[PDB]
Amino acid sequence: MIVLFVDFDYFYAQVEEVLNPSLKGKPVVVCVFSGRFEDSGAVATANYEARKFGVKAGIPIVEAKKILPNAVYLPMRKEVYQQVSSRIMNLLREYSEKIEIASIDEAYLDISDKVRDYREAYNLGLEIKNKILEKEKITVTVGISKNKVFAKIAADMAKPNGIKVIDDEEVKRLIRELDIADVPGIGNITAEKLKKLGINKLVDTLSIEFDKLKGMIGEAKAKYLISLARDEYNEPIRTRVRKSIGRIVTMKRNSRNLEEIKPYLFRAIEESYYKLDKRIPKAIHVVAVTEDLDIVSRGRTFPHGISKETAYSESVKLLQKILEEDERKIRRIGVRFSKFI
C-alpha cells in the first residue's frame, strides 16, 4: 500500500488570509466567542505568526490577548471554511478513487494503483500541492508512507507547506526512535500512562506483557500500538460515512431550570435537523456540559426513525433525567442524532 495524506495548513486562519490577503504576515487568531463576558471563549486556531508567541488552538481568548493584544482576532466562520474544504476535497478526488476524508482539513488517498514507487508518489504530492495552490491559493502539507499512521506522522513532521515520504526503512527507524507521544491517537492521558510503564517508543510495546499493556491503556490501543511496532498496521482507506450529527450550545448563564434550558435545547434540535438533511435518525442523545466542564449524556434508541416532533418531546425527558441524576448546574446543552436509516 502507498498512502498519500493531505493536511491543510493552519486551515481556518489561512482561509481568512485568502479572503483578506492584507492579513498575511500578521498574527491571525480564529476564535469561538461564547458571549458570557468580554472576550469569553477559546481560540479555534491561529496562524504560525501567532503560534510563534504561544497563541494556539484551545487557549482562552483572554489569555491570547494578554500575549498578543494587537493580533487580528476573527470570529469563527465554520460555514465558509467548510465550503473551501469541500472544493479542495473535490480537487483531491481527481488523484484517487480511494479517498478517506478524516476531517475538514485531512484526507487520506490510497495511491497504490496510481504510482509504482515513492519517487512517483513524491511527484504526485507536488502535483497535488501545486493544484490546490493554483485553484484555491491554499498551502497544504503532504505525508507519504506505507500506511495511514506513518503518512500522518510524515505530515506532522513536514508542516507547514511541506511534503515528506517515510520509506520502509525510516518506518523501522521510527519504531525505535520516535517518541510514542507523537503517534496519532496517543494524547496526554495515554502518553503519561505509557511513561509510567517505561514505554517511550513503539518498540517498547513488544517486551511488556500484553495483559499489562491492555490493563493500563485498553485492548484496542494496545493492539493498535503493537501492530504498529510490529510493522503490521495497514488499515484500509475507506469512504467515511457520517454516523452522527449534533449541536451543542453555551448558555448565557449556567442553570438547572427546565424552562430556561428548553429554548437552547430546542435551538440545538432545529440546527441538528437542518444539518441532518434527508437522513433520519433512530437514536437521540441529549448532552449536557456541567459547570465544572464535565460531560453528562442521556439518550434513547427508538425502533424507527425520529421525527422532529418526537425529538422535541423525547429530548425533554432525557434532559430531566440529567437534572434528576446529576446535582450540578448545566453550562452547555446539546443534542446528537445517530443510527441513521
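Rigid core here is just the name for the largest C-alpha set that superposes within 1.5 Å across the two forms. So that there is no doubt, residue numbering starts at 1 and follows the sequence shown.
Core superposition of the other structures onto this form places the C-alphas of 199 to 207 farther off in 8 other deposited structures of this protein than those of the other stretch among 199 to 207 and 223 to 231.
Choosing between 249 to 257 and 157 to 165, the greater Cα displacement from the shown form in 8 other deposited structures of this protein, fitted by the core, goes with 249 to 257. Between 237 to 245 and 133 to 141, it is 237 to 245 that carries the larger average Cα temperature factor according to the deposited entry.
As the entry records it, the average C-alpha temperature factor is higher for 228 to 236, out of 83 to 91 and 228 to 236. When the Cα B-factors of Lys26, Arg51, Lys66, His304 are read from the PDB record, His304 comes out highest. Of the candidates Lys159, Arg77, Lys148, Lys98, the deposited coordinates give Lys98 the top C-alpha B factor. Looking at the C-alpha B-factors along this chain, the one for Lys56 belongs to the lowest third. Remark: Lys221 belongs to the middle third of its chain, ranked by C-alpha B-factor as recorded. Per-chain ranking of the deposited C-alpha B factor places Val203 in the middle third. In this PDB entry, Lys196 carries a Cα temperature factor that places it within the highest third of its chain's modelled residues. For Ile186, the recorded CA temperature factor ranks within the middle third of the chain's modelled residues.
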